[PDB]
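Before any questions on binding or motion, here is one chain by itself as C-alpha cells, the form deposited in one PDB entry.
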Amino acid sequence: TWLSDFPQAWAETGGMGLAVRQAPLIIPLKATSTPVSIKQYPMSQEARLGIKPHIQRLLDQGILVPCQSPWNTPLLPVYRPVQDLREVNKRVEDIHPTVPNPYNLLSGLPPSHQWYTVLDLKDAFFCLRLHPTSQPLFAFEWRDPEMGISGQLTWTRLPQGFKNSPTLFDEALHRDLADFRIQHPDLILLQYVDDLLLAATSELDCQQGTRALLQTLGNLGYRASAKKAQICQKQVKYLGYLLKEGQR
C-alpha cells in the first residue's frame, strides 16, 4: 500500500514531524514593543482535566517546555487548548502576506493535468522550530492543582494563533520543495500552507510523482495524513472546491 511504502511520510507511522532543513525561526518585534503579561483567567476543573492530556503529550514531544518569561497570554478551553495571542500579535513586526488566495492559486492548474493527489500536512506549524530567543514570546501559565505545578510553559515550535504562522510555514515549505519542483518540471504542485495538490497528465505520472513527493516530504521532516489523502484520483476535494473534469 501507499501506507507501507512510505512509513516516514505519513503522520500515522512516521512520528511527529520536524523540518530538519529549516533554521529555528526568529520572530522580530515592532520597534517600540515591550513584553505584556496577562494573568490566566481561572479555569474550571472540567476544562483543566479536558486540556491536561494535550499539554502532557506536547510536553512529552518537547513541543512545550517549562520557562520563566515576562510575556504571558491566556489559555482558554474550547476540550482543546486555545491560546489568545492577540496581544502578542500586536507587538510582533508585520510581514508581507505571501500566501495566495485559493482562487488565484487554482488558476495555475492547466486542463492538461487531470490526475490529482491531495495531501494534508499534519501538525504543520509544529514542524517548524522557534529560535530559543523567540520562545519566551509565547509563554502561558499551566496549573495542575493536583500535582502542584504552577509555572509557565512555552512553545519550541511555530504556534497556533500566531498571526505570522501561515505565511512563515508556506514560505518555509516553498524553500524545502524548490528542488522537487526543479526535479519534476512536468508536475503541477499547488501549496496552500499545509494543503497540497499535485497534478499530472497520467495516472502513471501521478503515481510516480506522488511517490516522489511523499518520499521528499518525509525526508524533509513533514508528515501527511494517510486518512485524508486522496491519491491519484480524477476527482478530488481541494480547498473547498471539487476538482472534476477540469472544472472549478
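For every residue, the number given is its place in the sequence shown, counted from 1. Rigid core (definition): largest C-alpha set, two forms, superposition within 1.5 Å.
Residue 78 to residue 79: deposited residues without atomic coordinates:
In the deposited sequence, 4 to 9 residues between these two have no coordinates.
What stretch has the higher average Cα B-factor here, 82-90 or 137-145?
According to the PDB entry, the answer is 137-145.
Of 17-25 and 227-235, the one with larger mean CA B-factor:
The entry gives the higher C-alpha B-factor average to 227-235.
Which is it among 44, 191, 219, 183: the one with the largest CA B-factor in the entry?
Most elevated C-alpha B-factor of the set, per the entry: 183.
Hey, out of 159, 166, 111, 100, whose CA B-factor is highest in the deposited coordinates?
Comparing C-alpha B-factors across 159, 166, 111, 100, the top value belongs to 111.
Where does the C-alpha B-factor of residue 68 rank in its chain, lowest, middle or highest third?
CA B-factor rank for residue 68: middle third.
Using the B-factor values recorded in the entry, state whether the Cα atom of residue 31 falls in the lowest, middle or highest third among the modelled residues of its chain.
It belongs to the lowest third of the chain when residues are ordered by C-alpha B-factor.
Per the entry's values, where does residue 128 land by CA temperature factor relative to the rest of its chain, in the lowest, middle or highest third?
It falls in the bottom third of the chain.
When the modelled residues of the chain are sorted by Cα temperature factor, does residue 173 land in the lowest, middle or highest third?
Residue 173: CA B-factor falls in the lowest third of its chain.
Looking at the temperature factor on the CA atom of residue 153, which third of the chain's modelled residues does it land in?
According to the entry, residue 153 has a C-alpha B-factor in the chain's lowest third.
This protein has a second form, the form deposited in another entry, left out of what is shown; the following refers to that one.
After superposing on the rigid core, which residue among 44, 183, 56, 219 shows a C-alpha displacement of 2 Å or more between the shown form and the other one?
Per the superposition, the moving residue is 44.
When the two forms are laid on each other by their rigid core, does residue 132 show a Cα shift of 2 Å or more between the shown form and the other one?
No, the C-alpha moves less than 2 Å.
Large Cα shift (2 Å or above) at residue 89 between the shown form and the other one, core-fitted:
Stays below the 2 Å threshold, so no.
Superposing on the rigid core, do we see a C-alpha displacement of 2 Å or more at residue 168 between the shown form and the other one?
No; that C-alpha moves by less than 2 Å between the shown form and the other one.
So the Cα-Cα distance between residue 147 and residue 64 shifts by 3 Å or more in the other entry; is it shorter or longer than what we see here?
Closer in the other entry, by 3 Å or more.
Look at the CA atoms of residue 101 and residue 86: state whether they lie closer or farther apart in the other entry than in this form, given a difference of 3 Å or more.
Farther apart in the other entry, by 3 Å or more.
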